[PDB]
Amino acid sequence: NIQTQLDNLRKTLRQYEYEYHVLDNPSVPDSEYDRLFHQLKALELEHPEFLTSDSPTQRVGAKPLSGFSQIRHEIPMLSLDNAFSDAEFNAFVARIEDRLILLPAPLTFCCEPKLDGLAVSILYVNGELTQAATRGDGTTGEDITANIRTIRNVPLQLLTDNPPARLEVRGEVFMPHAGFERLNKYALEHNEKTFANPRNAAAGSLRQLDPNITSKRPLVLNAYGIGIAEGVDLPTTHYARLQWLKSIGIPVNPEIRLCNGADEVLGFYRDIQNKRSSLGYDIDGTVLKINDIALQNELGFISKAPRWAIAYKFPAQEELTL
Ligand SMILES: NC(=O)c1ccc[n+]([C@@H]2O[C@H](COP(=O)([O-])OP(=O)(O)OC[C@H]3O[C@@H](n4cnc5c(N)ncnc54)[C@H](O)[C@@H]3O)[C@@H](O)[C@H]2O)c1
Ligand SMILES: *P(=O)(O)OC[C@H]1O[C@@H](n2cnc3c(N)ncnc32)[C@H](O)[C@@H]1O
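The sequence shown: position 47 = 328 (our numbering), numbered continuously.
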């Protein structure tokens with residue numbers, strides 16, 4: 282029947298979107314994805330009663346919002362403390378060593394690039410994207426659902442036949458250098474406001490009231506974690522949770538690594554610092570996390586921040602000189 286044919290084309294598109302944006306390993310040429318997007322759109326136009334709200338053709342709201350509504354996160358987020366030196370980082374490891382009851386040998390960290398963008402939270406209900414918000418201050422943010430729906434590597438439907446009852450994906454939205462340079466060039470040509478750096482371009486784009494404008498902004502999500510998680514037994518380490526997010530079609534940064542012990546973690550920090558803008562987008566620092574979730578829970582938090590993670594920040598771009 283027509284409905285099943287429609288759903289088979291949409292499923293095919295969602296698989297190509299996963300391969301291209303999440304796996305970075307497309308199985309078909311762009312031209313095939315393009316023509317299939319056209320074919321789906323033509324069939325939906327012939328049968329509009331079968332349009333679905335999570336179809337690949339439905340990313341872009343037709344009208345601008347009047348303003349952003351405030352959102353209170355259902356589960357507030359911790360704040361993240363910063364380290365700026367190797368001594369600060371080693372002090373943070375030592376506090377863990379001094380607090381854990383049974384200190385494993387080695388102590389594994391999941392180590393991530395800290396994307397220079399805007400932090401966001403995206404809620405999927407029985408697999409469907411239903412709302413998204415800015416992180417804000419970790420307690421209150423703004424509802425940016427219509428903007429987040431435009432982002433090409435953000436799935437509208439999770440890639441699984443058995444999605445959690447509810448899943449909150451937390452991540453950073455950023456704008457790679459090439460897109461950022463195109464945006465600034467377009468803006469100057471039209472005498473519209475430009476952006477001082479990609480971080481501000483990503484933040485300003487996510488506060489664009491008209492999602493037709495936001496769709497033209499080349500934004501990318503990289504997920505860093507999970508809040509609400511109902512009807513799902515999540516893996517017991519953070520890195521396996523990230524691999525699981527990838528498995529269901531959520532984009533995660535490919536430079537994340539497991540590191541054993543303080544010294545390997547500093548190896549990671551120095552390596553990503555060397556790559557802080559050679560990968561085609563800006564990385565602000567690293568977020569270094571105890572990988573084992575039971576150890577995270579044991580370690581807890583103080584003053585709003587986990588004892589089990591630290592952001593070891595690079596020097597600001599303006600400190601980098603001859
Ligand atoms: N090889 C692959 O599997 C694959 C998968 C996803 C994206 N891509 C590539 O990524 C690039 C960026 O993709 P993008 O999402 O910005 O789209 P885009 O704006 O670059 O458009 C890509 C194609 O999709 C068509 N299209 C876009 N929105 C449509 C809609 N609502 N209805 C009907 N057709 C629509 C366009 O006419 C165009 O032919 C494109 O070059 C695309 O081919 C490739
Ligand atoms: P940025 O300074 O835009 O980050 C703001 C807050 O978001 C949370 N956060 C961002 N990135 C990460 C990762 N990779 N892991 C965990 N938490 C992250 C932190 O609360 C940042 O302070």
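Beta carbons are placed, not taken as given, at the ideal position from N, Cα and C, and that holds for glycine.
Backbone CA spacing between residue i and residue j [nearest angstrom]
i: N541; j: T293; result: 40 Å
i: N472; j: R463; result: 14 Å
i: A484; j: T431; result: 15 Å
i: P329; j: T338; result: 12 Å
i: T285; j: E327; result: 15 Å
i: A482; j: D563; result: 12 Å
i: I537; j: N282; result: 44 Å
i: residue 677; j: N555; result: Outside the modelled stretch of the chain, which goes from 282 to 603, sits residue 677, for which no answer is possible.
i: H354; j: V401; result: 11 Å
i: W589; j: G419; result: 17 Å
i: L404; j: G512; result: 14 Å
i: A592; j: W525; result: 23 Å
i: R447; j: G408; result: 8 Å
i: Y299; j: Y550; result: 29 Å
i: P385; j: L576; result: 10 Å
i: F370; j: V568; result: 11 Å
Three-way DSSP call (helix, strand, coil) for residue i in this model
i: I356; result: coil
i: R557; result: coil
i: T441; result: coil
i: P516; result: coil
i: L399; result: strand
i: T415; result: strand
i: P535; result: coil
i: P492; result: helix
i: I574; result: helix
i: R433; result: coil
i: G460; result: helix
i: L526; result: helix
i: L384; result: coil
Per DSSP, cross-strand counterpart(s) of residue i
i: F455; result: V501
i: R447; result: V406, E511
i: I591; result: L569
i: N541; result: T389
i: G506; result: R451
i: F582; result: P587
i: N363; result: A592
i: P394; result: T567
Start-to-end residues for the beta strand (DSSP E) that takes in residue i
i: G422; result: 421 to 423
i: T567; result: 564 to 571
Continuous alpha helix (DSSP H) stretch holding residue i: start and end
i: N289; result: 283 to 298
i: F476; result: Run containing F476: none; DSSP gives neither H nor E here.
i: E599; result: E599 -> no alpha helix (DSSP H), and no H or E assigned at all.
i: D367; result: 367 to 380
i: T426; result: 426 to 430
- Task: Note down, one range per segment and in chain order, each alpha helix (DSSP H) of at least 4 residues found wholly within the region 289 to 350.
- Result: Complete alpha helix (DSSP H) runs here, min 4: 311 to 327.
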